[PDB]
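Trainee: A structural model of the following input is requested.
(3 chains, ligands or ions: 5)
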Amino acid sequence: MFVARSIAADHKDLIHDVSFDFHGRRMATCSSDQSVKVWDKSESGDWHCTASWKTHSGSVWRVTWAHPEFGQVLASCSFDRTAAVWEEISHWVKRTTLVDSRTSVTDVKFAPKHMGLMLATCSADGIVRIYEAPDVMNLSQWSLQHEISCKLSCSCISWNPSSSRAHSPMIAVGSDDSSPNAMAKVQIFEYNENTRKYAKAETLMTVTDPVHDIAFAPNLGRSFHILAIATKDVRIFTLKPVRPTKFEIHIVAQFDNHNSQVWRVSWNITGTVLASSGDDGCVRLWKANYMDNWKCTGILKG
Amino acid sequence: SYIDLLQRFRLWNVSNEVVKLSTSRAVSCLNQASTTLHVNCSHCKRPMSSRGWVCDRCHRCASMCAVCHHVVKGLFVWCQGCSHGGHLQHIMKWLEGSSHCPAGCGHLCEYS
Amino acid sequence: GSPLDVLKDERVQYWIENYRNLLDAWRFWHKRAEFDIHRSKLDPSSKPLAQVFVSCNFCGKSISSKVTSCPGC
Ligand SMILES: [Zn+2]
Ligand SMILES: [Zn+2]
Ligand SMILES: [Zn+2]
Ligand SMILES: [Zn+2]
Ligand SMILES: [Zn+2]
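Mentor: Residues are numbered from 1 along each chain as shown, chains lettered A, B, ... in the order given. Ligands and ions are numbered 1, 2, ... in the order given. Shown next is the protein structure:
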């Protein structure tokens, strides 16, 4: 039920990551030669360009957007042990740098809007840092708030998008160390209001192979959570709280339709279709059937 | 004399352009007699600063479009009966086709 | 028609907010305005959006009997 098309865009070098905005009208593509671009769209249905600049001293890995109720903020992280914040004055300018790392930075993500304007950043040394902006007037003033150690090399992070009044803020981080020894790879933390700190919640001991990406699912008023893991086989979990908070953990998907290593995972707006891009050059979409069973619903070739 | 004649014929867009450019001090200062407003925040009932759009106590965007739900940095149309409003043209377009307040408070904001 | 005892659940009021956010994502703004007009009538326990308001310069007390005169001053 899914078709393909080719978008009319020209790029000089290989692309590394692509992200969208809230409404789905803008775009940002980090490239190989340390250049990022903005791709705006018109009523007719075509993409034009608006900006292009060089940012870091090394390869740029991931870029992401921020909620419109704060501005037109972006975020990028590179191998040069830095992560920068941009804005829009029709020329983007730099407003802050995060130099407090001592090794390559691999991921940067924006916290949900319902808790202010915060930022999460993990390094290869095995540490995550939670930043914040006390005022939404000055984007040059940031403060380090929390510090979490994982004791393992970090590869991916993800926030919990739930915005209920009975769900504490929680984060998840995965590892990719290829050691012969068997150890847990995915960890989950949560923030305790009474003591104001982040504590370990659960460790998915069922996973020992390296993990390359992790993504949560928009809650949309559900009674549990959904998580997806990107490893030698795509896995889908289900974390449900039992009245740190105890959780019940299950498995509902162990697809092997790649014969390779999956590399990226991303959900849609409602939280019912999944996208997986592997090492065979094809993108496959999955979706739950009419009997709460996950069955593949389309193969797309590059 | 020129300004009075212009105001008789109801041409404000030129009358005020004369005041903006006129070389006399009194006529230039004639533009700034009680032409500044004071706006506070309805959640906390405290006056706001001069160059900001966020409340310093509640820490929430007090100037939100009732229609487009974005931040209003520029012009802000306001209603004196229910204290709801937003962007100029958004509200003007909305009221053309309906007679209810966009915020949804049961107020006929034009007396029908 | 449901009574005010059912609408006060913290689970019924999450679905409505999620629906409103979904509508705003697609920029169906007038549809959301109509939905809000319908909802504010179907239940009286909700609260319309809280915004700015103007004040009398000398009085201070919330202008909101000469029509160009402060209500209290
Ligand atoms: Zn306030
Ligand atoms: Zn608007
Ligand atoms: Zn109103
Ligand atoms: Zn009104
Ligand atoms: Zn007064």
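Trainee: what does chain B put close to ligand 3?
Mentor: B:82, B:84, B:101, B:103, B:105, B:107 (CB under 5 Å from the ion). For the C-beta atoms, the positions are set from N, CA and C on the backbone; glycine is no exception.
Trainee: Phi, psi for the fourth one please.
Mentor: To tie it back to what came earlier, the one meant is residue B:103. phi -70, psi -20 (degrees, to the nearest 10).
Trainee: do the same with the second one
Mentor: The phi/psi pair for residue B:84 (degrees, to the nearest 10) reads phi -110, psi 140.
Trainee: How many residues are close by the closest residue to it other than its chain neighbours?
Mentor: Closest residue to residue B:84 apart from its sequence neighbours, by CB to CB, 6 or more residues apart in numbering or on different chains: residue B:103 at 4.3 Å. Residues lying near residue B:103 (other CB atoms under 10 Å in any protein chain shown) number 25.
Trainee: hmm, back to that, so which of the residues of chain B next to ligand 3 would count as near ligand 4 as well?
Mentor: B:82, B:101, B:107.
Trainee: List the neighbouring strands of the helix or strand hosting residue A:49 plus their orientation.
Mentor: Assessed by DSSP states H and E, residue A:49 sits inside strand A:47-54. Strand A:47-54 pairs in its sheet with strand A:35-41 (antiparallel), by DSSP bridges.
Trainee: Centre-most residue in the chain?
Mentor: In the absence of a named chain, chain A is used. Closest residue to the average C-alpha location of chain A: residue A:158 at 5.2 Å, with CA atoms, centre = their mean.
Trainee: I was thinking of chain C, sorry if that wasn't clear
Mentor: residue C:48 (1.2 Å).
Trainee: Residue A:53 contacts residue A:36, correct?
Mentor: Yes - counting by CB atoms under 8 Å, residue A:53 does reach residue A:36; the two are 6.8 Å apart.
Trainee: Tell me, how many residues neighbour the closest residue to ligand 2 within the stretch 151-300 of chain A?
Mentor: Relative to ligand 2, the nearest point of the stretch 151-300 of chain A is residue A:269 (22.2 Å; CB to the ion). Using other CB under 10 Å, residue A:269 has 13 other residues around it.
Trainee: sorry, back to before: comparing residue A:53 and residue A:36, which residue is more hemmed in?
Mentor: In this view residue A:53 and residue A:36 are compared by other CB under 10 Å, and residue A:36 has more residues nearby, 22 against 14.
Trainee: ok, and the closest non-adjacent residue to that one?
Mentor: residue A:30 (5.2 Å).
Trainee: List the beta-bridge partners for the one you found.
Mentor: Counting by DSSP bridges, residue A:30 is bridged to residue A:17, residue A:36.
Trainee: Might one say that the residue of the stretch 151-300 of chain A closest to ligand 2 is in contact with residue A:218?
Mentor: Yes - counting by CB under 8 Å, residue A:269 does reach residue A:218; the two are 6.6 Å apart.
Trainee: and residue A:205, how many neighbours does it have?
Mentor: 12.
Trainee: how much space between it and residue A:187?
Mentor: Going from residue A:205 to residue A:187 by CB to CB, to the nearest Å gives 11 Å.
Trainee: can I assume residue B:16 sits in a helix?
Mentor: Yes - applying DSSP: H, G, I helix; E, B strand; the rest coil, one finds residue B:16 inside a helix.
Trainee: Now do it against residue A:224, distance only.
Mentor: 63 Å.
Trainee: and what of residue C:21?
Mentor: 20 Å.
Trainee: How about residue C:16?
Mentor: With CB to CB as the criterion, residue C:16 and residue A:224 are 21 Å apart.
Trainee: same deal with residue A:174?
Mentor: 20 Å.
Trainee: Those two: which is more packed in?
Mentor: residue A:174 (27 against 13).
Trainee: Just say helix, strand or coil for the more buried one.
Mentor: strand.
Trainee: which residues does it bridge with?
Mentor: residue A:156, residue A:186.
Trainee: For stretch A:103-110, which outside residues touch it?
Mentor: A:61-62, A:64-67, A:75-79, A:81-83, A:118-125, A:154-159 (CB atoms under 8 Å, 6 or more residues apart in numbering or on different chains).
Trainee: can you give me the offset of that stretch from its chain's centre?
Mentor: With CA atoms, centre = their mean, to the nearest Å as the basis, stretch A:103-110 stands 10 Å off its chain's centre.
Trainee: Please put the alpha-carbon coordinates of that stretch into PDB.
Mentor: Extracted C-alpha coordinates of stretch A:103-110, given in PDB (Å, rounded to 0.1, in the frame of the first residue of the first chain):
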ATOM      1  CA  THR A 103      35.600  12.400  24.100                       C
ATOM      2  CA  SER A 104      33.600  12.100  20.900                       C
ATOM      3  CA  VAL A 105      29.900  13.100  21.100                       C
ATOM      4  CA  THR A 106      27.400  10.700  19.500                       C
ATOM      5  CA  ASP A 107      23.800  11.900  20.200                       C
ATOM      6  CA  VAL A 108      21.900  15.100  21.000                       C
ATOM      7  CA  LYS A 109      18.100  15.300  21.700                       C
ATOM      8  CA  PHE A 110      15.500  17.800  22.800                       C
END
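Trainee: Which parts of chain B are strands?
Mentor: B:39-41, B:46-47 (DSSP state E).
Trainee: which element is the residue of chain C at minimum distance from ligand 1 on?
Mentor: In chain C, the residue that lies nearest ligand 1 is residue C:50 (8.7 Å; CB to the ion). Remark: residue C:50 resides in no helix or strand, with elements defined by DSSP H and E.
Trainee: right, and it touches residue B:40 too?
Mentor: No - counting by CB under 8 Å, residue C:50 stays clear of residue B:40, with 11.8 Å between them.
Trainee: Next up, phi/psi of the closest residue to ligand 2 within the stretch 101-250 of chain A, please.
Mentor: Nearest residue of the stretch 101-250 of chain A to ligand 2 (CB to the ion) works out as residue A:113 at 18.1 Å. When read as degrees, to the nearest 10, the backbone of residue A:113 gives phi -60, psi -30.
Trainee: what about the spatially closest residue to it that is not a sequence neighbour, neighbour count?
Mentor: Nearest residue to residue A:113 in three dimensions, chain neighbours excluded: residue A:67, at 4.4 Å (CB to CB, 6+ apart). Using other CB under 10 Å, residue A:67 is surrounded by 15 other residues.
Trainee: mind listing what residue A:67 touches?
Mentor: When contacts are counted by CB under 8 Å, 6+ apart, residue A:67 is found next to A:22, A:110, A:113.
Trainee: Okay, and whichever residue of chain C sits closest to ligand 5 sits in which element?
Mentor: Closest to ligand 5 within chain C is residue C:59: 1.8 Å, counting by CB to the ion. Taking DSSP H and E as the definition, residue C:59 sits outside all helices and strands.
Trainee: any idea how far residue B:34 is from it?
Mentor: Relative to residue B:34, and taking CB to CB, residue C:59 is found at 14 Å.
Trainee: Give me the more crowded residue out of these two.
Mentor: Taking other CB under 10 Å, residue C:59 and residue B:34 do not tie; residue C:59 has more neighbours (12 against 6).
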